[PDB]
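In what follows, a structure is listed as structure tokens, so that the remarks can point back to it.
All Cβ positions, even for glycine, are placed from backbone atoms using ideal geometry, and neighbour counts span all protein chains on display. Values quoted throughout were computed directly from the atomic coordinates according to the rules given, and no laboratory measurement underlies them.
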Amino acid sequence: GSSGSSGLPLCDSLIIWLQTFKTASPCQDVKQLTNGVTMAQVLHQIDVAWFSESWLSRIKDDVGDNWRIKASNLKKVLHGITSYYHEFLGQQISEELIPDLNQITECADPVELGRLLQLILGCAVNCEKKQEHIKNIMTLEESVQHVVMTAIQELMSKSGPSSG
């Protein structure tokens, strides 16, 4: 491989964060994450309570030569987070954060792919072990820490109450 950036910041940075997870599937370019396995594997690391082997066991990697298998996964990955915002936290997710899987599996756009990563980073900053991750950010590159840190703030601003 080689060193170099590509795509918007929200994604050009989020990736550097997901890199900390050397899961069965690495995280280099957006075209490598589009699969969904990488992300899913990361979710299990954040909290097994909501992401246990039982769930991650539904994700496949064969996507390599299959594009249909990708979506199937990307779906679970997202659904696994969203619910974690309405169930665990209780809040919801704005269409602004809602990752367009269809646009990530068919188009694989960097602007969309970055969104999916945001959801994962947001849940990792609102949990018990969250701290264990927060440190992984301060270790990243200054410029990176910024974007990675911004996402969190955007996750609290976009969030919306239910009643009361």
> In this structure, is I93 outside any loop (DSSP other than H, G, I, E, B), within 17 Å of the chain's Cα centre (by Cα) and under 23 Å from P9 (Cβ atoms)?
Replying inline: no
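Let's see how each residue does on (1) under 18 Å from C123 (Cα atoms); (2) of a type in the set (V, I, T):
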position	(1), (2)
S5	no, no
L10	yes, no
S13	yes, no
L18	yes, no
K22	no, no
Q28	no, no
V42	yes, yes
>> Can you tell me how many residues within region 123-164 are among the hydroxyl-bearing types (S, T, Y), in contact (Cβ under 8 Å) with a residue 60 or more places away in the chain and either under 18 Å from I81 (Cα atoms) or not in a helix (DSSP H, G or I) (or both)?
In response: 2
> Can you name the residue in region 76-86 that is surrounded by fewer than 16 Cβ atoms within 10 Å (Cβ to Cβ) and either small (G, A, S) or within 12 Å of the chain's Cα centre (by Cα) (or both) and is also farthest from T34 (Cα to Cα) among such residues?
Replying inline: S83
> Among the numbered criteria (1) part of a loop (DSSP other than H, G, I, E, B); (2) more than 21 Å from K158 (Cβ to Cβ); (3) touching a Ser or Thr at 6+ places or on another chain (Cβ under 9 Å), which single criterion is violated by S6?
Replying inline: (3)
>> When you check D47 against the structure, is it in contact (Cβ under 8 Å) with a residue 60 or more places away in the chain, of a type outside the set (F, W, Y) and surrounded by fewer than 23 Cβ atoms within 10 Å (Cβ to Cβ), yes or no?
In response: yes
> For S57, all conditions in the list (1) within 25 Å of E132 (Cβ to Cβ); (2) in contact with a helix residue (DSSP H, G or I) (Cβ under 8 Å, 6 or more places away or on another chain); (3) surrounded by fewer than 18 Cβ atoms within 10 Å (Cβ to Cβ) hold save one; what is the number of the exception?
Replying inline: (2)
>> So in region 111-132, with the set limited to residues that are of a type outside the set (A, V, I, L, M) and surrounded by fewer than 20 Cβ atoms within 10 Å (Cβ to Cβ), which one is farthest from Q32 (Cα to Cα)?
In response: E128
